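K.L.:
turn this into a structure:
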Amino acid sequence: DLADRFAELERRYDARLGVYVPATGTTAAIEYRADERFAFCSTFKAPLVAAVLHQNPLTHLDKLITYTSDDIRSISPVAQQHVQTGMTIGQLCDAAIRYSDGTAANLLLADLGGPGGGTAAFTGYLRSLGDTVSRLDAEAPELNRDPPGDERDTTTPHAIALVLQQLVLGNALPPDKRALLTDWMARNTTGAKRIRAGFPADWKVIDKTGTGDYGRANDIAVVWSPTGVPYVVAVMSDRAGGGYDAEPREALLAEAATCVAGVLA
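P.N.:
Numbers count the residues shown, from 1 in each chain. Next comes the structure:
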């Protein structure tokens, strides 16, 4: 039994696990703690890039953004390397998705603009997709730090799966912008040990990870079977019992995804 397997994983990793896979043609929704709140961590960067793409002509990708030493406030593998030159909006989107670059995401939030350094507009974009649950309140590094149970900077597996479904499979974005987001997620460098590890090699996986304090580890993905049938997979986890410095456990997400893959095969 699937719920029993997920509960076993929670005990193994001293964790809270949330899983959602939306219903399809012939599969029922898979849900486990799917309506409980979990921190977004970096998973918000997928709809953030969608928001920025949607808001602007495609050639806004070519606009150069400059930034300074005091803008590097978080893990930023790309933005740290390019600080002496600036980065284009396209480069920022690439870094935000594929390297989970914190500075890149903060700069994209500022590009979206408005109150809260762009967080209010980001949340408004989610509202436009029918998501009345999620909320973004802070940028990096603060957004990964809210205490367990706090609702700031949270989504739910259910909510973010429905958002990702509209972005990648549905018509939230025009096809050209949809393809840009899809390709960046396809080329992600940070997800090999999460949902990807749970699906056989002949399934296509695109994803966006997130990792935070209190042992937070998330992954959101779109997967395609060897015959081209797509599923959206959201897996979220935290380890409040280990406190602020609890280690995130990717293996929990790999095992959860393996259980999901077993059902979808």
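K.L.:
residue 195 is in contact with residue 223, isn't it?
P.N.:
Yes. Counting by Cβ atoms under 8 Å, residue 195 touches residue 223, with 7.2 Å between them. Every C-beta, even on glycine, is put in place using the N, C-alpha and C of the backbone.
K.L.:
common neighbours of those two, please.
P.N.:
Common contacts of residue 195 and residue 223 (Cβ atoms under 8 Å, 6 or more residues apart in numbering): 205, 233.
K.L.:
more crowded one of those two?
P.N.:
residue 195 (30 against 23; other Cβ atoms under 10 Å).
K.L.:
for the chain, what spans make up the strands?
P.N.:
Secondary structure of the chain by DSSP state E: the strands cover 16-21, 30-32, 38-39, 64-65, 87-88, 154-155, 204-211, 217-224, 230-238.
K.L.:
show me what the second one is packed against.
P.N.:
Under the contact criterion of 3 or more Cβ pairs under 8 Å, 6 or more residues apart in numbering; DSSP states H and E, the helices and strands touching strand 30-32 comprise helix 2-13, strand 16-21, helix 157-168.
K.L.:
would you reformat these as a markdown table and include distance to residue 121 and mean neighbour count?
P.N.:
Below are those laid out as a markdown table (distance: least, Cβ to Cβ, whole Å; neighbours: other Cβ atoms under 10 Å):
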| stretch | distance to residue 121 | mean neighbour count |
| --- | --- | --- |
| helix 2-13 | 35 | 15 |
| strand 16-21 | 25 | 24 |
| helix 157-168 | 15 | 24 |
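K.L.:
out of the ones you listed, which gets nearest to residue 60?
P.N.:
helix 157-168 (17.9 Å; Cβ to Cβ).
K.L.:
returning to what we had before: can you put the helices and strands packed on strand 30-32 in a markdown table and add distance to residue 125?
P.N.:
Output for the helices and strands packed on strand 30-32, formatted as a markdown table (distance: least, Cβ to Cβ, whole Å):
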| stretch | distance to residue 125 |
| --- | --- |
| helix 2-13 | 31 |
| strand 16-21 | 20 |
| helix 157-168 | 9 |
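K.L.:
re the thing from before, I'd like to know which of the strands of the chain is closest to residue 168.
P.N.:
When the strands of the chain are compared by Cβ to Cβ, strand 217-224 sits nearest residue 168, at 4.7 Å.
K.L.:
tabulate the strands of the chain (JSON lines), appending distance to residue 172.
P.N.:
Below are the strands of the chain laid out as JSON lines (distance: least, Cβ to Cβ, whole Å):
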{"stretch": "strand 16-21", "distance to residue 172": "18"}
{"stretch": "strand 30-32", "distance to residue 172": "22"}
{"stretch": "strand 38-39", "distance to residue 172": "22"}
{"stretch": "strand 64-65", "distance to residue 172": "24"}
{"stretch": "strand 87-88", "distance to residue 172": "23"}
{"stretch": "strand 154-155", "distance to residue 172": "16"}
{"stretch": "strand 204-211", "distance to residue 172": "15"}
{"stretch": "strand 217-224", "distance to residue 172": "13"}
{"stretch": "strand 230-238", "distance to residue 172": "13"}
